[PDB]
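Down below is the structure, laid out as structure tokens.
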Amino acid sequence: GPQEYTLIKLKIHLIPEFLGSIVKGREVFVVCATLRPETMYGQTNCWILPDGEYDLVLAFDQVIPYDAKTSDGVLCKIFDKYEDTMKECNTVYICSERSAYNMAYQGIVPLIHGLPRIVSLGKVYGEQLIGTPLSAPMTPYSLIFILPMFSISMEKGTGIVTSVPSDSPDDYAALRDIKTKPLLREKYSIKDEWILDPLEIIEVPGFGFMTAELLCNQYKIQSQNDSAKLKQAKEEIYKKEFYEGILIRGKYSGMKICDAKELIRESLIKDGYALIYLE
Amino acid sequence: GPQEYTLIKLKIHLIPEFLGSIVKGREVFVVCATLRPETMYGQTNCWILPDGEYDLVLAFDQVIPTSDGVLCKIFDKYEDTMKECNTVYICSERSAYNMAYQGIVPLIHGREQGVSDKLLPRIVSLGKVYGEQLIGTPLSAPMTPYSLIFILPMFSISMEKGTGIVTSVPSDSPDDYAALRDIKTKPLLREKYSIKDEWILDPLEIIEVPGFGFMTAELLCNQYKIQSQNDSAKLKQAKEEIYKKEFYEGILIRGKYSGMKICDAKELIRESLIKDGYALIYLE
Ligand SMILES: CCC[C@H](N)C(=O)N[C@@H]1[C@H](O)[C@@H](CO)O[C@H]1n1cnc2c(N)ncnc21
Ligand SMILES: CCC[C@H](N)C(=O)N[C@@H]1[C@H](O)[C@@H](CO)O[C@H]1n1cnc2c(N)ncnc21
Ligand SMILES: [K+]
């Protein structure tokens, strides 16, 4: 059965020149599926697969919100032609085609009678979005950048992911690879100013405030591509932090993750910074 | 743009035996797309393609009676459908998807099979049947005075159009007249599909057309030298003359709007069929 994600919306702060005519002064969001909305205080950057192909998809300005935990289905919405969508759709999401169809079949983006089709304004490689500044929710850094991550799967989520390197071993590893490998930075023209240090957001009694760093050392993870080791560190950190982790930032500071998580998810959804996304 | 049909509901009077367990506890309808709801007073039979494959499709009991978008519920599981759906429609799979995408039949959460795990909604099909196996099914059809009409074979049906199942008003459709005549004049065709004489009902006088009278379809078939339901070029012309002529000059002589011009009564008849639950608005 489907997994419930929180779809995090990250607004593009400066549209790249080459996308200007295509987005026609609509708001553009990069969207990222996460199981851990409580960690959004720690965002340092955003991650994209360089060779991955993403769509710029037309989306609803408003989505009908629902109690997914006490309901028997979900609604979608189909139009005759593109021009009919324009009253309700002035928002663009960057995401994989795969995920855009999943979104269409739960009322996040429109379908049209084109077998029904999404409204794709164009395609882009992730490489072409590297260095794009994004306005991000909750993180006190506020403005963060898109960086390359090579371990991403285009078959999961949107193909674009948040980075919380304090409390995700994958994120820690990927960031450390960027910080320690000049040739990688040279290859993708990564500017020094795009790289932000981890933030102390979660206290784990025993481990302190950089649990992901300690777990990377405990499993001797050397790169973002040590998948076997990273898979284990990821599952341990999730269990370790869901029970023992105390938030030390934001409205629910001093609470445990298990107690605050749902409240944070609600808040994100009511403020418009995130959506419920099932795939 | 898409054209606005009226989807007519023909209630199955007695379910064919082989489908009885499948549709137990549910009202079953054959559904037919028509541009001519005003002619349902003259229904003599129903038409199906023998080789065609039709689905038994679970349907909403209630539907939402511009150029906005149209909502659609995708249900988590088959089971959830059950409470707002005790209705089955017989129709082509193609037409059922069209119906699903305008809120007429439920969709259910599904996935692309084998390689992919991507969300792909499905109609709730209860079974696939050939048209041949429904020949002779008795139907309770709206507006016609015939208490029962029957499903008969027609060979000129296109499976891409409407539901693949069509109404028969042989007094005012040249196609219907020609197909019915083929059955009435070919014993070997009746033997081939085991057609009983009591399934073959006569045209009903329903519309008076200046210069033609009450059997305009027969007179057009004579005029265009139509001898067979397969005379597609002649039939298409005849159909194009009869549509305009009847809309603006044809006078209804049956129903509540007897005495009125078709152009003045058609929408009122269509509203009434919809309110009474005998039909739905169907775009394709
Ligand atoms: C802990 C906060 C920061 C962290 N980065 C996070 O939220 N990761 C996503 C999520 O928490 C996890 C679920 O398995 O996988 C990640 N994920 C989602 N989509 C993908 C994808 N397409 N490819 C690889 N990983 C993914
Ligand atoms: C005058 C009433 C009786 C008349 N018989 C009627 O209602 N015909 C349908 C409709 O009015 C017409 C639209 O062109 O095609 C017919 N039609 C609908 N579906 C199909 C199909 N699948 N194949 C061939 N014709 C079709
Ligand atoms: K009747």
Side-chain angles (χ1 to χ4, degrees), chain A residues 3 5-8 32-40 42-49 52 95-96 98-99 149 151-172 174 202 212 224 230-231 234-235 237-238 241 279, chain B residues 3 5-8 10-11 13 31-49 52 91-92 94-95 139-149 154 156-177 179 206-207 217 236 239-240 242-243 246 278 284:
Chain A
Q3 188 127 46
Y5 286 90
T6 305
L7 197 66
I8 306 295
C32 306
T34 191
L35 291 184
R36 310 192 58 199
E38 78 281 1
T39 66
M40 291 313 92
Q43 290 166 95
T44 55
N45 65 276
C46 167
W47 294 124
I48 201 158
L49 186 71
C95 57
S96 68
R98 186 185 154 284
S99 68
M149 196 188 222
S151 70
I152 280 159
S153 170
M154 298 299 303
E155 306 301 329
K156 293 187 178 167
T158 64
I160 314 180
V161 306
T162 52
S163 182
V164 189
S166 57
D167 302 86
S168 157
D170 282 298
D171 296 339
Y172 185 87
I202 289 157
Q224 70 188 267
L230 280 160
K231 199 213 172 178
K234 180 177 181 192
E235 285 166 335
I237 212 170
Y238 194 110
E241 292 194 354
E279 59 160 45
Chain B
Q3 192 155 212
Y5 295 87
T6 299
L7 192 67
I8 312 293
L10 310 200
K11 189 180 169 144
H13 176 62
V31 285
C32 304
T34 186
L35 298 177
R36 304 202 56 200
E38 82 281 2
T39 64
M40 297 303 94
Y41 303 115
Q43 289 173 93
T44 59
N45 61 276
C46 168
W47 294 124
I48 208 163
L49 197 63
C91 60
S92 70
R94 188 197 153 280
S95 79
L139 307 172
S140 170
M143 285 160 66
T144 179
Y146 289 132
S147 184
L148 298 173
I149 66 182
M154 180 164 205
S156 66
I157 283 159
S158 171
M159 283 300 294
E160 86 201 283
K161 187 179 181 167
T163 61
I165 312 182
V166 306
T167 54
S168 186
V169 188
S171 62
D172 299 286
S173 153
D175 283 296
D176 296 340
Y177 183 81
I206 59 156
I207 296 159
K236 169 156 158 149
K239 192 214 268 217
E240 283 166 353
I242 210 172
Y243 193 94
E246 293 203 345
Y278 297 138
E284 80 177 24

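So you know, we letter chains A, B, ... as the sequences are listed, proteins then strands, and number each from 1. Numbering of ligands and ligand atoms starts at 1, following listing order.
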Problem - B:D172 vs B:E38, side chain to side chain contact (heavy atoms under 4.5 Å, CB included): CA-CA, chis, key distance, verdict - result: CA-CA 11 Å; B:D172 299 286; B:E38 82 281 2; over 6 Å; no
Exercise for the section: Please assess B:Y5 against B:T34 for the test side chain to side chain contact (heavy atoms under 4.5 Å, CB included), listing each intermediate value before the final yes or no. Expected result: CA-CA 6 Å; B:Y5 295 87; B:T34 186; 5.9 Å; no
Exercise for the section: For B:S158 and B:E160, run side chain to side chain donor-acceptor pair (under 3.5 Å): C-alpha distance rounded to whole Å, both residues' side-chain angles, the deciding distance at 0.1 Å, then the answer. Expected result: CA-CA 5 Å; B:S158 171; B:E160 86 201 283; 3.1 Å; yes
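Residues B:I8 and B:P142 form a side-chain contact, since some pair of their non-hydrogen atoms from C-beta on lies under 4.5 Å apart. Annotation: side chain of B:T39 is not in contact with side chain of B:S173 (no heavy-atom distance under 4.5 Å). Taking 4.5 Å as the limit, some side-chain heavy atom of A:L35 sits within range of a side-chain heavy atom of A:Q3. Looking at heavy atoms from C-beta onward, A:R98 lies out of side-chain contact with A:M154 at the 4.5 angstrom threshold. Looking at B:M40 and B:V169, their side chains come closer than 4.5 Å, going by heavy atoms from C-beta outward.
Of all the heavy atoms in B:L7 and B:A33, the pair that sits closest is CD1-N, 4.1 Å.
Nearest protein heavy-atom neighbour of atom 23 (N) of ligand 1: A:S153 N, 3.2 Å. If you check which protein heavy atom lies closest to atom 1 (C) of ligand 1, you get A:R36 CD, 3.7 Å. Among all protein heavy atoms, the one lying closest to atom 18 (C) of ligand 1 is A:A33 O, 3.3 Å. Atom 20 (C) of ligand 1 has its closest protein heavy atom at A:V161 CG1, 3.3 Å. Given atom 10 (C) of ligand 1, the protein heavy atom at minimum distance is A:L35 N, 3.8 Å.
For atom 8 (N) of ligand 1, the nearest protein heavy atom lies 4.0 Å or farther away.
A donor-acceptor pair is defined here as one N or O able to donate and one able to accept, closer than 3.5 Å; such a pair exists between the side chain of B:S92 and the backbone of B:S95. Put simply, the side chain of A:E279 gets close to the backbone of A:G157: a donor and an acceptor are under 3.5 Å apart.
Look at B:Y146 and the K ion (ligand 3): an N/O/S atom of the residue is under 3.4 Å from the metal.
Here's the thing with B:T39: none of its N/O atoms is less than 3.5 angstrom from an N/O atom of ligand 2. For a threshold of 3.5 Å applied to N or O pairs, the pair formed by B:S156 and ligand 2 contains no separation below that value. Residue B:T167 has at least one nitrogen or oxygen atom sitting less than 3.5 Å from a nitrogen or oxygen atom of ligand 2, judged on distance alone. Considering both main-chain and side-chain atoms, B:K161 comes within under 3.5 Å of ligand 2 through a nitrogen or oxygen pair.
Ligand 2 has no atom lying under 4.0 Å from any heavy atom of B:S168. The shortest heavy-atom distance from B:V169 to ligand 2 is under 4.0 Å. Residue B:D172 places no heavy atom under 4.0 Å from ligand 2. Residue contacts with ligand 1: A:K234 is included, with a non-hydrogen atom under 4.0 Å away.
Using a 4.0 Å cut-off to heavy atoms of A:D171, the atoms of ligand 1 that qualify are 3 (C), 4 (C), 5 (N). Atoms of ligand 1 lying under 4.0 Å from at least one heavy atom of A:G159, given by number and element, are 22 (N). Of all the atoms in ligand 1, the ones that sit under 4.0 Å from a non-hydrogen atom of A:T34 are 6 (C), 7 (O), 11 (O).
Interatomic distance, SG of B:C46 versus CG of B:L139, reported as 5.5 Å (0.5 Å rounding).
If you put the vertex on the K ion (ligand 3), O of B:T144 and O of B:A141 sit 100° apart, to the nearest 10°.
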